[PDB]
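Chains A and B are the protein sequences, given in the same order. Okay, so the first sequence: first residue is 3 according to the authors' numbering, each after it adds one. Okay, so the second sequence: first residue is 2 according to the authors' numbering, each after it adds one. We treat Cβ as the ideally placed atom computed from N, Cα and C, and that holds for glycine.
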Amino acid sequence: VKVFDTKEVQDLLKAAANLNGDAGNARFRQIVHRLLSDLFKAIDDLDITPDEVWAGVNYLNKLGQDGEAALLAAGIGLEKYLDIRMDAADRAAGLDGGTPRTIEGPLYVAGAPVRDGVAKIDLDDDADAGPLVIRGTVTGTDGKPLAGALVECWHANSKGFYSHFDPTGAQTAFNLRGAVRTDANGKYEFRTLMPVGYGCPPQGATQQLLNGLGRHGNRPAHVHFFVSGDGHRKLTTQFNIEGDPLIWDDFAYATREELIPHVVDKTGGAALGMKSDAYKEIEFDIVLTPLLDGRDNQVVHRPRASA
Amino acid sequence: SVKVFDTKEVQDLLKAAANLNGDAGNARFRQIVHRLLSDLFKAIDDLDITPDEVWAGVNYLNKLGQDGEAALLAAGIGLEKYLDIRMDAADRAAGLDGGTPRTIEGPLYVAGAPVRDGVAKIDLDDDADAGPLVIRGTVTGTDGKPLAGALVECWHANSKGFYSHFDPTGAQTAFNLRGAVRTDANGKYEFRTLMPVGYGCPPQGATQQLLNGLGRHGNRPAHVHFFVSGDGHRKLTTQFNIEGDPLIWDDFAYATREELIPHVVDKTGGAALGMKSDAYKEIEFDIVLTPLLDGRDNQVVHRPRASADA
Ligand SMILES: [Ca+2]
Ligand SMILES: [Cl-]
Ligand SMILES: [Zn+2]
Ligand SMILES: [Zn+2]
């Protein structure tokens, strides 16, 4: 049977979204009506059974109980899709030359202390992670260095865990999370340890759905960035650690070819405060896009953790 | 607004996300996920849903599951009724629409109630504000013959609108206002209980938050839930509404049916029946069950349900 087009179903959808209601939140009602209508049509078209529907409802309970809705948003490509739509708007406006955006992911933590020029961000010992310097210059698309720009980063430890989200025990607040104001020449530097890739909580809702699809829930090793500066839009980006076997098989679809810098082996680490003389260096220069008529049309407000 | 949905990049992303080109797996699940994700992506593109709006929706899903309310929302936005609409249409096409009308289960069934022969008294806790109610009827097949030994289960709320096992103000006795009766040799069942009152969604919960955003209330008229089952017959999920409730045709869960509003009769003689006052109310609620088609019940629903020990 197919019932979606009947007046009873169409009236039910109008009532459920309160389309004929008194003045209210029209945009919200419009969105709810569209999503509900699409869901009802999919159920009808695919003959989705009550048992199947209630299994989906149960999944939503687990997803929220696990606090994983934003992790799922990354894992089924919704987060990348938002970037696709933002990139398409920038392309239509004729923008080029900026460092490409990529997904934020769900693990930013607000409030890290801001240092001038350089920050050492590994607060907790991690014997399995070697020392890493990340440094670069921030410019605008005209090539000029941006002084006093805010460069923020966050990344995982050798076990794939982030501070404020570590299920094995609390890390020091802001471990492997940093904020630096660029110097007069646009330079920033973080002294940290090398990340290893993230994986979804194995018993959580995201991995349960991925298992049902036959997909893994792993990311290659990477470092997240927010970069902002006077006169410029806020950039959300990342880089991947060169050579990681998952670099082009990220469960969150976030890799971009311009965001895979070279890793260089260096010496002299002790004089930089590193835990060994031998360390790795990544030079990651960043180009910000100017504001348009003084506005940033792509900055995203979403729930974010704090200290 | 940009329109990117129909691009190869987006269609490839959807195929990858649902693993359509992966190894042999759960094809049905991949098909459903791909359709729902595709529809979601298309809606975002068509309505220019912004990242801020999407992340507010994601945040809502976190709250919904934290509150344990996904099945309450399913009722409140009409999805639970929609499943009944589809089951009713299938029954009409199949000629299996001759029994008592179905309505929604709702999310508050609890397995494990003690079963009594013929008559059960189910008000285990006193409730000064609720008067005594007898519910009784006969269970027959569509051919009119009584069904002996059929299982009639019912559950309903107290005078504050709360159900046992789901009461936030304090623990009711296990199985308060929940019971099961095996019909007698002539198909008869009877419950002795107290009159339910309707109720609203948890006011701070995710379902009411969404309903508030839509400008809708989250209330149900007073009602009583039933499962009725028996050998050789399909399992009925139904309810009745208490006659005269002002919300009877303004139920947030869309569950009212005109065939399921029985007359309420005033009676006397309650004390002899173990009720707390001479005056009481009686509701007759007869049940007509449909025989199995081809030996299997193709409308019975499996979903997560609470359970408890008496
Ligand atoms: Ca530790
Ligand atoms: Cl932590
Ligand atoms: Zn990450
Ligand atoms: Zn109910």
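Quick one, which residues of the region 81 to 108 of chain A are near chain B if we go by CB-CB under 8 Å, in chain order?
Per Cβ criterion, the list reads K82, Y83, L84, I86, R87, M88, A90, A91, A94.
Counting Cβ pairs closer than 8 Å, one from the region 189 to 199 of chain B and one from the region 157 to 167 of chain B, do we hit at least three?
Below 8 Å, enough C-beta pairs join the region 189 to 199 of chain B and the region 157 to 167 of chain B to call them touching: three or more.
Tell me the start and end of each unbroken beta strand (DSSP E) in the region 77 to 144 of chain A that is at least 3 residues and wholly inside, in chain order.
116 to 118, 120 to 122, 133 to 142
Going by the C-beta, is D168/A closer than 6 Å to any heavy atom of ligand 2?
yes
Where does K9/B sit, in a helix, a strand or coil, going by DSSP?
helix
Quick check: is any heavy atom of ligand 3 less than 6 Å from the C-beta of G66/B?
no
Please classify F42/A: does DSSP put it in a helix, a strand, or coil?
helix
Going by DSSP, which residues form a beta bridge with residue 331/B?
As shown, chain B starts at 2 and ends at 311. That puts residue 331/B outside it, with no answer to give.
For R297/B and chain A, any beta-carbon pair shorter than 7 Å?
no
Between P102/A and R217/A, is the Cβ-Cβ spacing less than 7 Å?
No, the Cβ-Cβ distance between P102/A and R217/A is not below 7 Å.
Here's a check: name, in chain order, each residue in its chain whose Cβ is nearer than 6 Å to the Cβ of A112/A, leaving out the five neighbours to either side.
Counting only Cβ-Cβ distances below 6 Å, and skipping sequence neighbours, we find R306, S308.
Which of helix, strand or coil does DSSP assign to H226/A?
strand
Please name the residue or residues paired with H157/A in a DSSP beta bridge.
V225/A
What residue range is occupied by the uninterrupted beta strand (DSSP E) comprising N242/B?
Taken as a continuous stretch (DSSP letters only), the beta strand (DSSP E) holding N242/B covers 237 to 242.
With 7 Å as the threshold, decide whether the Cβ of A112/A is near any Cβ in chain B.
no
What span of residues does the alpha helix (DSSP H) with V59/B cover, start to end?
For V59/B, the enclosing alpha helix (DSSP H) begins and ends at 52 to 67.
Beta carbon of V229/A, beta carbon of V135/A: below 7 Å?
no
For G231/B, verify whether its CB is less than 6 Å away from any heavy atom of ligand 1.
no
Could you tell me the distance, in whole angstroms, from the CA atom of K64/B to the CA atom of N177/A?
28 Å
Would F228/B count as contacting chain A if we go by Cβ distances under 7 Å?
no
Using alpha carbons as the reference points, say which of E70/B, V120/B, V116/B lies closest to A181/B.
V116/B
Report the rounded CA-to-CA distance for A71/B versus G206/B, giving the unit in angstroms.
Rounded to the nearest whole angstrom, the CA to CA distance from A71/B to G206/B is 11 Å.
Relative to the alpha-carbon of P108/B, which residue among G77/B, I86/B, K189/B has its alpha-carbon at the smallest distance?
Checking every option, the nearest Cα to that of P108/B belongs to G77/B.
Taking the Cβ atom as the reference point for each residue, do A75/B and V59/A lie within a distance shorter than 7 Å?
yes
Is the beta carbon of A44/B within less than 6 Å of some heavy atom of ligand 2?
no
Please confirm if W250/B has its CB atom under 7 Å from at least one CB of chain A.
no
Taking C-beta pairs closer than 8 Å, name the residues in chain A that residue 312/B reaches, listed in chain order.
Here chain B has residues from 2 to 311 only, and residue 312/B is not among them.
Taking the alpha-carbon positions, what's the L97/A to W56/A distance?
46 Å
Taking the CB atoms as reference points, tell me whether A151/B and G231/B lie closer together than 7 Å.
yes
Quick check: is the beta carbon of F42/A nearer than 7 Å to any beta carbon in chain B?
yes
As a quick exercise: from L21/B, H234/B, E283/B, pick the residue whose alpha carbon is nearest that of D144/B.
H234/B
In terms of residue numbering, what span does the beta strand (DSSP E) encompassing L215/A cover?
Taken as a continuous stretch (DSSP letters only), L215/A belongs to no beta strand (DSSP E), being part of the alpha helix (DSSP H) at 207 to 215.
Taking Cβ-Cβ distances shorter than 8 Å, what residues in chain B pair up with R36/A?
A44, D47, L48
Hey, could you find the ends of the beta strand (DSSP E) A256/B is sitting in?
Counting along the chain, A256/B falls outside any beta strand (DSSP E), and DSSP gives it neither H nor E.
Measuring only the C-alpha atoms, how far is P203/B from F167/B?
11 Å
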